[PDB]
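Structural description and commentary
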Amino acid sequence: XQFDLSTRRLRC
Amino acid sequence: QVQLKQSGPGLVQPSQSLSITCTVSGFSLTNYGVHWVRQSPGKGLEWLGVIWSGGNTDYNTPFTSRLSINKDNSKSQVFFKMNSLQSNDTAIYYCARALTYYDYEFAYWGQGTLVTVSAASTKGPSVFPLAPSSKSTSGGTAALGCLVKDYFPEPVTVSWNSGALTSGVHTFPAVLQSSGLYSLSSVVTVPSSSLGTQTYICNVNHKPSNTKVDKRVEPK
Amino acid sequence: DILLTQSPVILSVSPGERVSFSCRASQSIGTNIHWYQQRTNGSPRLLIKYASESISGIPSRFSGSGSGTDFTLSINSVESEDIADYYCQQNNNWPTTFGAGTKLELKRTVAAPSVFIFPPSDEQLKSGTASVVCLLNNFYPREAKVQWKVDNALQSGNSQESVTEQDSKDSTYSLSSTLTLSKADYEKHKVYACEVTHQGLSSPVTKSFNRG
Ligand SMILES: *[C@@H]1O[C@H](CO)[C@@H](O)[C@H](O)[C@H]1NC(C)=O
């Protein structure tokens, strides 16, 4: 998965 | 209580250096070591290093050559500095404290500092109102918001009525436009009957460019 | 370094149900593992230390177990507030390392979106750019279609979508679709329409306005 710097959440 | 407050987010040019200050309270730097952890889209959570209560430092091996951590015990501040930044160094940087003085279980964290490494320039956002109307009012519920457009880099904080209005608020994740600048909307749903008596203001703060804007949103 | 593998990547459950997170190590690390939670726009929050030891301020529904190379974080009854990512960390070997994380999604009943449309502000038009915003509020599930039509002409490529993370209270999503066009083009057209398709809608919902 890729970490999102904007939401501080994982984006799959 | 125990708190770790970090310095604000900002832009760093390629091959330049990054500086972050971690101010702590609720404990003494003479009693506890402070760790530094970063979180990037590519490598996720990554432990960088630590400055111990005695003054000794340990750096993760791939960072030993370009990392330095210092502190001022009296001022309760810890200083993070990393040289020769490159694009994949774009990440959120945290300072943290463990439960015991020697361990690595991080019970307390700073709020994080989003550091963006790019060659571009910092630009403040323009803020435009998303006015409530009939086209946005159904069943006694009206929707309104703010368009936060054309800024760089992330992040931007949006609040409503100086923090007094939180329920019904949706601040959408920013999207990158073809220009290379970010844009987002923040919306909130409210009773339409309050539109005549209540003032609705979105508080926009783009820290990297020191741009603070309060936008009043009215029906048209 | 010690490689930590978290499985699976995504995890979707329903409220009240029990859920388990897996963290496997490349070699034995005893019980030297810690667990963290990351809510939207938050920093990590220490949930469990040393495989099973509990943490002050952390709800009783969080527990952990395992030793050697196979570890498990559990939530016996999931709440909507539990929507987050979950990371494991080892510290048996230097340097301490983290797993890649597991995303916890919650299921809920279908909710049709409320659809609102916002014409561009006169303030924005003073700049030479027009943004038309279409809001899809509080819906489940995430999948939705937004179609833009300007004077009955299908728009394509000139709009951008953004979806919020799942709401920690009611487990819904909200979506924004922003059609962007020049001030010149915006003034050369009249009807701007946003058509929404969703599972909770028995019929597509169209929100529109006439410029002026
Ligand atoms: C970025 O690129 C460097 C080489 O310049 C590579 O060693 C490293 O793995 C990358 N960093 C991250 C955190 O993605």
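All residue numbers start from 1 on each chain and follow the order of its written sequence rather than the entry's numbering, and residues without coordinates are excluded. Each chain gets a letter, beginning with A, and each ligand a number, beginning with 1, in the order they are written. Hydrogen atoms and water are omitted, and side-chain values are computed over all heavy atoms in the structure. Residues with missing side-chain atoms are left out of burial classes, side-chain pairs and their counts.

Per the PDB record, the structure was determined using X-ray crystallography to 2.60 Å resolution.

Considerations on the overall build of chain C
Our working definition: Only DSSP runs of H or I with at least four residues qualify as helices, and only runs of E with at least two residues qualify as strands; both kinds are numbered from the N terminus onward. Note on method: radius of gyration uses C-alpha positions; expected globular size equals 2.2 Å times residues raised to 0.38. The criterion used for residue contact is that any of the two residues' heavy atoms lie within 4.5 Å.
Summing up its helical and strand segments, chain C has two helices and 19 strands in all. In terms of overall size, chain C is more extended than a compact globule, its C-alpha atoms giving a radius of gyration of 23 Å where 212 residues would be expected to give roughly 17 Å. Summarising its shape, the C-alpha atoms of chain C cover approximately 70 × 35 × 30 Å along the three principal directions. Counting only contacts in chain C whose residues sit at least 6 apart along the sequence, the fraction spanning at least 24 positions is 59%.

Focus: the interface of chain A and chain B
Spelled out, the test is: A 1.4 Å probe defines the accessible area here, and the buried area is the portion of it lost by two parts on being joined, summed over both. By salt bridge we mean one thing: a side-chain nitrogen of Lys or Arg within 4 Å of a carboxyl oxygen of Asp or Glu. Residue polarity follows a fixed list, in which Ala, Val, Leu, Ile, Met, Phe, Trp, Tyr, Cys and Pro are nonpolar, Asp, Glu, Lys and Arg are charged, and the others, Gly among them, are polar.
Counting from both sides, the interface comprises six residues of chain A and, opposite them, 12 residues of chain B. Looking only at chain A, the three residues that lose the most surface to chain B are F3(A), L5(A) and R8(A), adding up to 73% of its buried area. Applying the counting rule to chain A against chain B returns zero salt bridges. Among the residues making up the side of chain A that touches chain B, the classes are represented as two nonpolar, three polar and one charged.

Remarks on the sheet that holds strand β7 (residues 62–67) of chain C
All names here are of chain C. Let me state the cut-off plainly: Here, strands pair whenever DSSP counts at least two bridges between them. Axis definition: a line fitted to C-alpha atoms, over the contacting stretch in the case of helices. Angles run 0 to 180 degrees between N-to-C directions.
One open sheet holds the four strands; their spatial order is β1-β3-β8-β7, and the pairing between them is antiparallel. The sheet terminates laterally at β1 (4–7) and β7, the two strands that pair on one side only. Each neighbouring strand pair of the sheet contributes to a mean axis angle of 20°, computed without reference to strand direction. Sheet topology places strand β3 (residues 19–25) next to strand β8 (residues 70–75); six bridges connect them, and they run antiparallel. Following the sheet pairing, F21 is matched in β8 by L73.

Re the nonpolar core
Generally speaking, soluble globular proteins have nonpolar side chains that are buried together. Going by this rule: Side-chain atoms within 4.5 Å are what join buried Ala, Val, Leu, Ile, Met, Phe, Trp, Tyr and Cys residues into a set we call a nonpolar core. To sort residues, take the accessible area from a 1.4 Å probe on protein chains only and compare it with the maximum for the residue type: under 20% means buried, over 50% means exposed, and anything in between is partly exposed.
Ranked by size, the top nonpolar core spans 46 residues in total, and within it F106(B), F21(C), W35(C), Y86(C) and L104(C) carry the most contacts. At four residues, β3(C) tops the list of elements feeding residues into this core. In this view, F106(B) contacts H35(B), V37(B), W47(B), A96(B), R97(B), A98(B), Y36(C), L46(C), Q89(C) and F98(C); residues no more than four positions away in its chain are not counted. In terms of nonpolar packing, the next biggest core, distinct from the first, is built from 25 residues, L4(B), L18(B), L29(B) and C95(B) among them.

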